[PDB]
Amino acid sequence: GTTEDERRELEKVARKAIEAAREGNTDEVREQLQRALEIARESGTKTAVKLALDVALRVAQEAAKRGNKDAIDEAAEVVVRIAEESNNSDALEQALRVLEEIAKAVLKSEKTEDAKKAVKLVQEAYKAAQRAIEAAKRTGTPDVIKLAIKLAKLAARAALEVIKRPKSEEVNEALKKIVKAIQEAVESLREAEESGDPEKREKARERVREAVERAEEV
């Protein structure tokens, strides 16, 4: 929960940030989004983190209405920082869910072919991270959940770079690698538990570990 004033202070930051986004003042967007983040740290609660993510989303949505791409980058940047600072699977799902919406916001304003490609590609990264999370929770093993979280972090950052520079092919290929690796880890996890013969299970386990290192190398 949040003290009734904490909810008020965030809405104050929200309006100030939204205004800066509307007026295209990015440095003020950057500062206000910082304040929203620091509230989330001080509070340290899941519900506060979700509120900060909402502020970042509203900032991106408003900047997209006015064609201010830079303010969108600031929203995406803070979302990934919230995600990378988190250690629970709910924040990561929320974070990647917002990055999808931000990528859509980029499309509305930019409206370029690259933006269209980036949007389609971030929601596949969100879909892969979600599946990996759900599968890890089905195992009940915390260390497998730690892994799903780690991969969702990698997917989030790599989705930010796409948002920042959708034209760059290096950036775009980097996420393609991550998404594939995540999908490979999910299948391997399923096979490591479901497979009929022991040889395939062992190979699946070695496969999980191999897919993680690859995404880390990207």
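Method of determination for the deposited model, per the PDB record: X-ray crystallography, at 2.3440 Å resolution.

As annotated in the PDB entry, the chain is Junction 19 DHR54-DHR79 from synthetic construct. The title line of the PDB record says "Junction 19, DHR54-DHR79".

Summarise the overall build of the chain; cite the residues concerned and give the values.
Summing up its helical and strand segments, the chain has nine helices and zero strands in all. Reading the chain from its N terminus to its C terminus gives the helix and strand order α-α-α-α-α-α-α-α-α. Taken over C-alpha atoms, the radius of gyration comes to 18 Å for the chain, in line with the 17 Å a tight globule of 218 residues would show. With respect to the principal axes defined by its C-alpha atoms, the chain has extents near 60 × 45 × 20 Å. Here the analysis covers contacts within the chain between residues at least 6 apart in sequence; of these, 66% occur between residues at least 24 apart.

Quick one: what's the story with unusual backbone geometry, residue by residue and with numbers?
One non-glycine residue, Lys111, lies in positive phi territory at about 70°. Tracing the chain through its elements places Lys111 in the loop between α5 (89-110) and α6 (113-139).

Can you break down the domain arrangement of the chain residue by residue, with the values?
Many descriptions give the size of an interface as the accessible area lost when the pieces come together. Each assigned domain of the chain is listed here: domain 1 (1-85) and domain 2 (110-218). Using only C-alpha atoms to locate each centre, domain 1 and domain 2 end up separated by 27 Å. When the residues that make up the side of domain 1 that touches domain 2 are grouped by side-chain class, the tally is three nonpolar, no polar and four charged.

I'd like a description of α5, backed by residues and values.
Compared with an ideal rise of 1.5 Å per residue, which puts 22 residues at 32 Å, α5 spans 31 Å between its outermost C-alpha atoms and is within 8% of the ideal. Backbone geometry just downstream of α5 places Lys111 in the positive-phi region, at approximately 70°.

Describe the packing of helix α1 (residues 4-23) against helix α3 (residues 46-65), with residues and values.
Across the interface, α1 lies against α3 with an axial gap of 8 Å and an inter-helix angle of 20°. Relative to α3, the element α1 is oriented roughly parallel. Seen along the crossing, α1 lies across α3 with a hand that is right-handed. Where α1 approaches α3, its residues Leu10, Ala14, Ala17, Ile18, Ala21 and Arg22 are matched on the opposing element by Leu51, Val55, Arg58, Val59, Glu62 and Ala63. For the contact of α1 with α3, the class distribution of residues is nine nonpolar, no polar and three charged.

Got a sec to walk through the pattern of salt bridges? Specific residues and values, please.
Should the charged atoms of two oppositely charged side chains come close, the side chains can pair. We note a salt bridge from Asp73 to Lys69, for which the minimum N-O separation is 3.2 Å. With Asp73 and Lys69 both in helix α4 (residues 69-85), this residue pair falls four residues apart, about one helical turn. Where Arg97 meets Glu100, a salt bridge forms, and the shortest distance between an N and an O atom there is 2.6 Å. Residue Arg97 and its partner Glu100 are located together in helix α5, separated by three residues, close to a single helical turn.

Account for the packing of α5 against α6, with residues named and values stated.
Direction vectors running N to C along α5 and α6 enclose 170°, while the axes themselves pass 9 Å from each other. With respect to their mutual orientation, α5 and α6 come out roughly antiparallel. Residues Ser89, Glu93, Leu96, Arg97, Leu99, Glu100, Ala103, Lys104, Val106, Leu107 and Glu110 of α5 pack against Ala115, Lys116, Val119, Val122, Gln123, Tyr126, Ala129, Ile133 and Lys137 of α6. The class makeup of the residues in the contact of α5 with α6 is 11 nonpolar, two polar and seven charged.

Criteria and thresholds
Residues numbered from 1 in each chain as written, not as in the entry; some residues may be left out. Heavy atoms only, no water. Residues with missing side-chain atoms left out of burial classes, pairs and counts. Helix = DSSP H or I, 4+ residues; strand = E, 2+ residues; numbered from the N terminus. Rg over C-alpha atoms; globule rule 2.2 N^0.38 Å. Contact = heavy atoms within 4.5 Å. Domains from an automatic or database assignment. Nonpolar A, V, L, I, M, F, W, Y, C, P; charged D, E, K, R; others polar. Expected span 1.5 Å × (residues − 1). Axes fitted to C-alpha atoms, helices over the stretch in contact; angles between N-to-C directions. Parallel < 35°, antiparallel > 145°, perpendicular 65-115°, else oblique. Left-handed = near helix turned anticlockwise from the far one by under 90°. Salt bridge = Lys/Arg side-chain N within 4 Å of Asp/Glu carboxyl O.

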